[PDB]
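The chain below stands alone, shown as structure tokens; this is the form deposited in one PDB entry.
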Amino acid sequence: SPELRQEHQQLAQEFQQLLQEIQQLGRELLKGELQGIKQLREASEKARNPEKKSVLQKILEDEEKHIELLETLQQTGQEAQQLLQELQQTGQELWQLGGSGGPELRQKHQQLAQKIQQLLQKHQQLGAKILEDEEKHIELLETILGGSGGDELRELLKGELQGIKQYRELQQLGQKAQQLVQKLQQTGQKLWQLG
């Protein structure tokens, strides 16, 4: 169908734009975590009260692991972008061949499609682990704020909340990505079967 080829194309274009957005946010997140970890390190080190200290150390330890997770998250994004390039090239050739020349190309396109979905899943799980940790930190900071006031702690809290906003955005973009890929597979399977 004519609008079917159009839809696949439009979904694929949307997806390219989305993946660029996801990569960009991930860069901003990594930058963010590295900018803020120095402030956290110094808080942890300067803390005298044992309650505050064990909590700030838990948070620091987590943020240290998050650097590695953020690195792996970005590598995963790059890998997906490289697969997209292959989907675009193989996709173009599929269009050019108009259903002819055997199934090997169509199968490669399908494999790439399966494999990018797997990458997005891994990507979602990395983001989800980070988010879960960051939300746990909010509970921890709130616990040691109590009556005191804790000027510096309130600063950390504010900063952790800003990060969480970005982490939610990231997971949101991710969900949408996995949605577009499902729609691509749906529209793609139809095209193959028809023409």
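One-based numbering along the sequence shown. Take the two forms, find the largest set of C-alpha atoms that superpose within 1.5 Å, and that set is the rigid core.
Although it is not shown, the form deposited in another entry is what the next lines describe.
Once you line up the core between this form and the one not shown, the CA of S100 is the only one from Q118, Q89, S100, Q82 that shifts by 2 Å or more. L153 is among the residues whose C-alpha shifts by 2 Å or more between this form and the one not shown once the rigid core is aligned. When the rigid core is held fixed, the Cα atom of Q39 travels less than 2 angstroms between this form and the one not shown. Relative to the superposed core, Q162 undergoes a C-alpha shift smaller than 2 Å between this form and the one not shown. One change in the other entry concerns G149 and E63, whose Cα atoms lie at least 3 Å closer than in this form. In summary, the C-alpha positions of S100 and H8 diverge in the other entry, ending up at least 3 angstroms farther from each other than in this conformation.
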